[PDB]
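Reviewing the structure listed below.
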Amino acid sequence: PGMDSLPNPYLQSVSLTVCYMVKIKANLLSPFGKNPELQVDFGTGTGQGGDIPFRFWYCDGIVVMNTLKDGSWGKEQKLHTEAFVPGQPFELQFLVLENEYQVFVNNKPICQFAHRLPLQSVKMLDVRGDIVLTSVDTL
Amino acid sequence: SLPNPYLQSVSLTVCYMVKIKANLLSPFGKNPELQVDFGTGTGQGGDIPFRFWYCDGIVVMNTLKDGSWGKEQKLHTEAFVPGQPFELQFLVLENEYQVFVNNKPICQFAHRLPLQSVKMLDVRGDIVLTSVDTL
């Protein structure tokens, strides 16, 4: 049952472009007494409370995306998806384009998020949750 | 530097990136060329779903099917400064290839043959090829 995995939470300094890809490979856990969550932050890395141009949060059939700007969270973009099957390893992709983030799970489009803060201000990628994280790749 | 021509077996998806880094040469008696093939890898003369070609301020993109090239898509660009390192990106999406040079969008190429049929990446030209990466 043993397998190699990355620290959780996982941090990585980044510089995004208009043609930039993050590929996460992970598996949801079965936490004691709660549903597993998954959270990916494209943050400014300016410390606690610093801006988060794009947070991707998933739990129990629900995706919530949002932006933290000047200590304030904005209007949520919220959808239902069946893409994250518990116990099944998944591949989660973020594509950074000039106009939006595009999100894919297992090679299928899930949702898109129009930029609310400049992609150029993202400095820190942050992956965490009730997951076993096996790889995080960026190009 | 890397072999030139450069070959790499590939398997594309609807969210797939090729990043090429290279220095454009200044050959004595010609303008340096650059060529990238997204091909089926079915032997010489096999179909080529997408060829990207650059020389002398001109890009030409086309598809080789059943031994014949289709209607080109041709355009001008100043992005390849001769003598300078460049970075060339192909983004494979469900509907098209997207081309970027030095983090700037250049042109797009709607799929004519299925992206799933591409098996071999070929990169060549009057370049010093320093790296080729895919995700």
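A note on names: the letters A, B, ... follow the listed sequences, proteins ahead of strands, and every chain is numbered from 1.
Under the 4.5 Å side-chain heavy-atom criterion for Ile, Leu, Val, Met, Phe, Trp and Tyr, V14(B) and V105(A) are members of the same hydrophobic cluster. In this structure, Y58(A) is a member of the same hydrophobic cluster as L79(A), with clusters built from ILVMFWY side-chain heavy atoms closer than 4.5 Å. Follow the hydrophobic side-chain contacts under 4.5 Å out from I110(A) and you reach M21(A) in the same cluster. One hydrophobic cluster holds both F38(B) and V10(B) under the rule that ILVMFWY side chains link at heavy-atom gaps under 4.5 Å. Hydrophobic cluster membership is shared by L24(B) and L2(B), with clusters built from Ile, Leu, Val, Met, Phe, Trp and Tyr side chains linked at under 4.5 angstrom.
Using a 4.5 Å heavy-atom cut-off against chain A, the contacting residues of residues 78-94 of chain B are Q89(B), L91(B), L93(B). Using a 4.5 Å heavy-atom cut-off against chain B, the contacting residues of residues 121-139 of chain A are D137(A), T138(A), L139(A).
Few gaps surround CG on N99(A); more than 12 heavy atoms of other groups in view lie less than 6.0 Å from it.
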